[PDB]
Amino acid sequence: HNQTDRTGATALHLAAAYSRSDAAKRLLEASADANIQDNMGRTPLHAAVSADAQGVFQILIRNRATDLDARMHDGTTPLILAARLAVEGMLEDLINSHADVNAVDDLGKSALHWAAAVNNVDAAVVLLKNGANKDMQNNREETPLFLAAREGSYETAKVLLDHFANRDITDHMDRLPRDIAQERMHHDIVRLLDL
Amino acid sequence: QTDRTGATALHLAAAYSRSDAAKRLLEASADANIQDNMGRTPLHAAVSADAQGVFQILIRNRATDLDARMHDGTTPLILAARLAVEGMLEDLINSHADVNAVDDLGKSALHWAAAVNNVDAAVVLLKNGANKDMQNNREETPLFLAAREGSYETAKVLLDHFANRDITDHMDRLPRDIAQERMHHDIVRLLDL
């Protein structure tokens, strides 16, 4: 019931991963724990996001006891995961359900850092519109703009610059976003930063 | 809905303990917090009907406002306190309802429990951080209200919680004075202990 398999997956994890809406509801009605962590610290909500299981995702976010800010064993939250995976809708649904927009994983990266690293531009816009700290530094003193520049995420770097993200905040080695873009040969980003 | 009393389908599911209906409406994105003519949401109606199945469905639904106010400021917790329904007041508290919210007369759920001598609710409320000394608009503490209404069991609870017996109403009456006035002999002697 709250019994797990070899991967630490409960029945509720499996419903998430397999898109079993009804099984998910019966489990939750029977007081099944919504926040049990599997071997990687994923709760069923992490699993619903990874599986892009829209039905179970909606059931889990509607359930008041679900921890929308639950952390995997590397501090990854459902919001960071949705940002990284670029699944449709879930990112904005979590935000509208009051997930913490500025929570960070264990390396100090927020959902916006990750939207920038993977060039998930729609996620960055939604995050920025809902109070994401555009100039947040992670443990390595990297801002989302720094990561965009490093990864060649032109479209997301442009959204951040249009939101007046601070282009002079350097990383732990004193590198500007312009510097890391130049080192990594992202000439288009260098040009964008020079405008 | 809404209908003639201002009841949506979800109010009616609450009033008649229809759990299947309530679940179906919520999963179809019905607004959990529509007020009827008296300012009741489906959650107030479930408390009033003592509808345990629908009550549980509603409180497990994230978007339900557990602290919703009727037109006199009555919250679900206050209503559960007044009515002395089983289970519901504790479940609201455990779901993080505001223990210290007040109706428009400034009465908290603890004020009400004292007034109706709902001693179990007083114990639960005090255990979860209720202000034992909170004064309402008329400057009445829950101890004062227990004293006035002859609520021995609840006045004992609040005294055991070191409620301040010296706090007076707007006419500067002690709980001891009002018990004396209303000839609640058990309370006066309770208070002289």
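Chain letters run A, B, ... following the sequence lines, proteins first, then strands; residues in each count from 1. Computation of the quantities below employed the complete heavy-atom set of this structure, encompassing side-chain atoms and omitting hydrogens, waters and symmetry-equivalent molecules.
- The hydrophobic clustering, which links ILVMFWY residues whose side-chain heavy atoms are closer than 4.5 Å, places A/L45 and A/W114 apart.
- Ion pair A/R191/A/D188 flagged as a salt bridge, since at least one NZ, NE, NH1 or NH2 atom sits closer than 4.0 Å to an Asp/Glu carboxylate oxygen.
- Taking CG from B/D103 and NE2 from B/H71, the interatomic distance works out to 14.5 Å, rounded to the nearest 0.5 Å.
- No donor-acceptor pair closer than 3.5 Å links the side chain of A/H163 to the backbone N or O of A/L160.
- Panel note: side chain A/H172, backbone A/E141; no donor-acceptor pair is recorded below 3.5 Å.
- One distance of note links NZ of B/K132 with CG of B/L110; it measures 11.0 Å at 0.5 Å rounding.
- For B/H44 (side chain) and B/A68 (main-chain N/O), a donor-acceptor pair under 3.5 Å exists by modelled atom type.
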Let me have the donor-acceptor pairs involving side chains of residues 88-99 of chain A, under 3.5 Å, with sequence neighbours excluded, atom names and distances please.
residue : atom : partner : partner atom : Å
A/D93   : OD2  : A/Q58   : NE2          : 2.8
A/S97   : OG   : A/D93   : O            : 3.0

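- Shortest non-hydrogen contact noted between B/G106 and B/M134 is O-SD, 4.4 Å.
- Contact check for A/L68 versus A/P78: no side-chain heavy atoms found under the 4.5 Å cut-off.
- A/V190 and A/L193 fall into different hydrophobic clusters, where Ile, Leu, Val, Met, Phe, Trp and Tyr side chains are chained together by heavy-atom contacts under 4.5 Å.
- No donor-acceptor pair closer than 3.5 Å links the side chain of B/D98 to the backbone N or O of B/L77.
- B/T154 is listed as a side-chain neighbour of B/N117, based on a closest heavy-atom distance under 4.5 Å.
- Contact annotation: the side chain of A/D168 approaches that of A/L176 to within less than 4.5 Å [non-hydrogen atoms, C-beta and beyond].
- A/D194 is listed as a side-chain neighbour of A/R178, based on a closest heavy-atom distance under 4.5 Å.
- Remark: side-chain polar atoms of A/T66 are paired, donor with acceptor, to backbone N or O of A/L60 under 3.5 angstrom.
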For this session: Output, in order, the C-alpha distance, side-chain angles, deciding distance and verdict of side chain to side chain contact (heavy atoms under 4.5 Å, CB included) for A/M40 and A/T76.
Result: CA-CA 10 Å; A/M40 297 176 103; A/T76 307; over 6 Å; no
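- The distance from the CZ atom of B/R82 to the OG1 atom of B/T75 is 10.0 Å, given to the nearest 0.5 Å.
- A continuous path of ILVMFWY side-chain contacts below 4.5 Å connects B/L125 to B/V85, so both sit in one hydrophobic cluster.
- One side chain, B/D50 or B/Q52, offers a donor N or O that lies under 3.5 Å from an acceptor on the other.
- When every heavy atom of A/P177 is checked against every heavy atom of A/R167, the shortest pair comes out as CD-O, 3.3 Å.
- Within 6.0 Å of the NZ atom in A/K158, the count of heavy atoms belonging to other residues, nucleotides or ligands does not exceed 12.
- In terms of modelled atom types and a separation under 3.5 Å, the side chain of A/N35 and the main chain of A/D67 share a donor-acceptor contact.
- The minimum heavy-atom distance between A/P44 and A/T10, with the atom names listed, is CG-OG1, 4.4 Å.
- For B/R18, the CZ atom sits in a loose shell: 12 or fewer heavy atoms of surrounding residues, nucleotides or ligands are nearer than 6.0 Å.
- Scanning all heavy atoms of the two residues, the minimum distance from A/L147 to A/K109 falls at CD1-CE, 4.1 Å.
- Shown here for A/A83 and A/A111, the closest heavy-atom pair between the two residues is CB-O, 3.7 Å.
- Residue B/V124 is grouped with residue B/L83 when hydrophobic side chains (ILVMFWY) are merged at heavy-atom distances under 4.5 angstrom, including chains of intermediate members.
- A donor-acceptor pair is defined here as one N or O able to donate and one able to accept, closer than 3.5 Å; no such pair exists between the side chain of B/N61 and the backbone of B/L26.
- At least one side-chain heavy atom of B/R40 sits less than 4.5 Å from a side-chain heavy atom of B/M70.
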Problem set entry | Trace of the salt bridge (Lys or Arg N to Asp or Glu O under 4.0 Å) decision for B/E27 with B/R24 | CA-CA 5 Å; B/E27 298 164 13; B/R24 275 201 299 278; over 6 Å; no
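- The CG atom of A/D106 sits 8.5 Å away from atom CG of A/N139, with the distance rounded to the nearest 0.5 Å.
- Distance alone, capped at 3.5 Å, places no donor-acceptor pair between the A/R184 side chain and the A/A149 backbone.
- Contact detail for A/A103 and A/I80: the closest heavy-atom pair is O-CD1, 4.2 Å.
- Take B/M171 and apply the side chain to side chain contact (heavy atoms under 4.5 Å, CB included) test, not counting sequence neighbours, and it matches B/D169, B/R173.
- In this structure, A/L128 is a member of the same hydrophobic cluster as A/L145, with clusters built from ILVMFWY side-chain heavy atoms closer than 4.5 Å.
- Taking CD1 from A/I59 and NZ from A/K25, the interatomic distance works out to 5.0 Å, rounded to the nearest 0.5 Å.
- Defined by atom type and a distance below 3.5 Å, a donor-acceptor pair is missing between the side-chain atoms of B/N37 and B/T5.
- Taking 4.5 Å as the limit, every side-chain heavy atom of A/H113 sits out of range of all side-chain heavy atoms of A/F146.
- Side-chain contact between B/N136 and B/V102 is absent, with no heavy atoms from C-beta onward closer than 4.5 Å.
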For this session: Please step through side chain to side chain contact (heavy atoms under 4.5 Å, CB included) for the pair B/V157 and B/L159, ending with a clear verdict.
Result: CA-CA 6 Å; B/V157 167; B/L159 292 180; over 6 Å; no
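- Rounded to the nearest 0.5 angstrom, B/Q35 CD and B/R69 CZ are separated by 11.0 Å.
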Exercise. Passes side chain to side chain contact (heavy atoms under 4.5 Å, CB included), B/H184 versus B/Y152? Steps please.
Worked result: CA-CA 9 Å; B/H184 294 305; B/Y152 181 90; over 6 Å; no
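- Within the 4.5 Å cutoff, side-chain heavy atoms of B/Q135 are placed close to those of B/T141.
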